[PDB]
């Protein structure tokens, strides 16, 4: 029979991780008698008097938040890393070894509006969000080789506070993913003489099958090797090492691309769409980081609808990540909707 990706299971390679993804095109056909998701409330007040993240509010620690009107960053009250933790008793033990971990964790409130997420923020407000990301990265980068900007959106994504915002965790070392991505990109570069992701963008631009968002300076695709159902990869069309290297134009364009990307997500099921997202750029290790290409990953759990997510469990944990629909199907569904948040368009 003729192989048909559209219908035959197969594995696809993730050149960033050196790992495969198993695709079973029709897995989703099976009866779902599992957990039903809890979709989020449409009606939240712009200011919650109890919210530990709201402006002019006291934190769990008593610390009072400023009367902030744009973004706001403060050191996490429960940081995952400290800048002066004692060094660990590092050894060579092939079985039980440990290593030192220093760094910090900061919290970023997107805006004082307790009820408005990224797709609902103005391009101007989004641009401030980017400037803050850059600011944070430049400062921490001065001290730590790995600065990780991210965000957990929605209960399904492990958020512990409903205020819109993100986090920044800095590390004295290169975490798993960073070291891997770093090495893999470096090898490709050494061999191909061009940045892996830069070449990837070209290919995607010429194809279109997986394109979701395309702006003057950015591209958002459902990567070939996507893991999560509607997972996306957001990249600059031009070669850029870190977030801190974006030009002002790329910067405002990024704000636009984000709004569009997240609006499509929310438009997909006509609901606030949960996800985990974050930025990957060259580490501040003082090395030649030409092999790098800045990029953001978006990992959303929703699959069938607003109340049915994907669960990366048994097989995925013990063997390999699996997907129940192609990246092409995912991208197509994402292209079908509007890139204007339903709340803003009034449709």
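Positions refer to the first chain, counted from 1.
Trainee: Using the B-factors recorded in the PDB entry, average over the C-alpha atoms of 282 to 290 and of 300 to 308, then report which stretch comes out higher.
Mentor: Looking at the record's C-alpha B-factors, the answer is 282 to 290.
Trainee: Which is higher in the entry, the mean Cα B factor of 236 to 244 or that of 90 to 98?
Mentor: Mean C-alpha B-factor is greater for 90 to 98.
Trainee: Just to confirm, going by the entry's C-alpha B-factors, which of 264, 153, 131, 210 comes out highest?
Mentor: The listed residue with the largest C-alpha B-factor is 210.
Trainee: Compare the CA B factors listed in the entry for 255, 82, 108, 226 and report the winner.
Mentor: Across 255, 82, 108, 226, the entry lists the biggest C-alpha B-factor for 82.
Trainee: Sorting by Cα B-factor within the chain, modelled residues only, which third would residue 177 end up in: lowest, middle or highest?
Mentor: Middle third of the chain for residue 177's C-alpha B-factor.
Trainee: Based on the deposited C-alpha B factors for this chain, I'd like to know if residue 166 is in the lowest, middle or highest third.
Mentor: According to the entry, residue 166 has a C-alpha B-factor in the chain's lowest third.
Trainee: Ranking the modelled residues of this chain by C-alpha B-factor as given in the entry, is residue 25 in the lowest, middle or highest third?
Mentor: For residue 25, whose C-alpha B-factor we compare with every modelled residue in the chain, the answer is the highest third.
Trainee: Using the temperature factors of the C-alpha atoms in this entry, rank residue 327 within its chain: lowest, middle or highest third.
Mentor: Tercile = middle for this residue's CA B-factor.
Trainee: Where does the C-alpha B-factor of residue 319 rank in its chain, lowest, middle or highest third?
Mentor: Lowest third.
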